C-alpha cells in the first residue's frame, strides 16, 4: 500500500504506517487501512497483525485537520449506511478476525491514540512513547472511540482526566492508568511483541476468533454510541471555536515537525480562550 508497508512472516503480518511527511491520518492512510482490513477478513489471512510506525517521532500525530471530509469519505467505504466515520472504521478494526497488536514508540495523539485503543493489545516503549487526547483542548470531544475505550479501560476518574485535560501521558503513566497493556524498555519492545505474536500464531484460528468475539461483545460500545460520538465530533470540529483555536495552532506550526506537534499537549495550554 501507499501508506502501509507489509511484511508477512508465517502467520504474523507486520504492518508499518509510513505516510510522510509526519504520518497524519489523512485519506490515503484511511483508504489503505480500509483495504488492509478487507484482506485480513479472508479465511487464510494472517492470525496476527503487529502495527508499528516508520516515523521517527510519531505513530500518528492526529487526523489531518485539512482533510476531515475526505478521510471521512474514505472511512465510509468500510461500512454500511450510517457508518461514514473514522469511529465506525475503528470499530471494524476492533472486531477484525486477526489479533491486532499496537507497538508504540513516539507520539500517538487524538485519532492516533484511538487507533491504538481499537487494537486488541498495546505495548509501549518506556523511554519514548507518548499518548494524548488533544481533542477537547482544540474544542471537540474525541470522535473515533477514545471516550468509549478510555472510560472502560481507565475508569471514570482517569478517563475524565485524560480526555478533559488533553495532557500528554508518558508510557509508565499510561500503563498505570491502563491506556496501554504494558510499558516495556525500548530495547526489549520489538522482541517482546514478536514473541507474543508468535505465541498466538500456532493457536487454532477458531479459538482466537471465538475468544476475541466474546470479549469484544462485553467490552465494546454499541454501534449507536460509536455513531453518536462521531457525529458530535464532526459537528464541533467544523465550528467557530475549533476554527479559531486551530488557526492559532497553524500559526505556531501545527501539522509541521516542530515544537507544537512534538509537544502538542503542552501547546494547548497556551492557546487563548475563545
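Numbering follows the first chain given and starts at 1.
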43-51 set against 27-35, stretch whose average Cα temperature factor tops the other in the entry = 43-51
message = Regarding 197-205 and 174-182, which shows the higher C-alpha temperature factor on average in the entry?
response = 197-205
task = Kindly indicate the residue among 127, 114, 83, 74 with the greatest C-alpha B-factor in the PDB record.
result = 127
key: Most elevated Cα B-factor in the entry, residues 140, 89, 146, 189   = 189
task = Quick one: classify residue 235 as lowest, middle or highest third of the chain based on its Cα B-factor.
result = highest
Ranked C-alpha temperature factor of residue 249 among modelled chain residues, by third = middle
query = Relative to the other modelled residues in the chain, which third contains the C-alpha temperature factor of residue 57: lowest, middle or highest?
reply = highest
Position of residue 106 among the chain's modelled residues by C-alpha B-factor, lowest, middle or highest third = middle
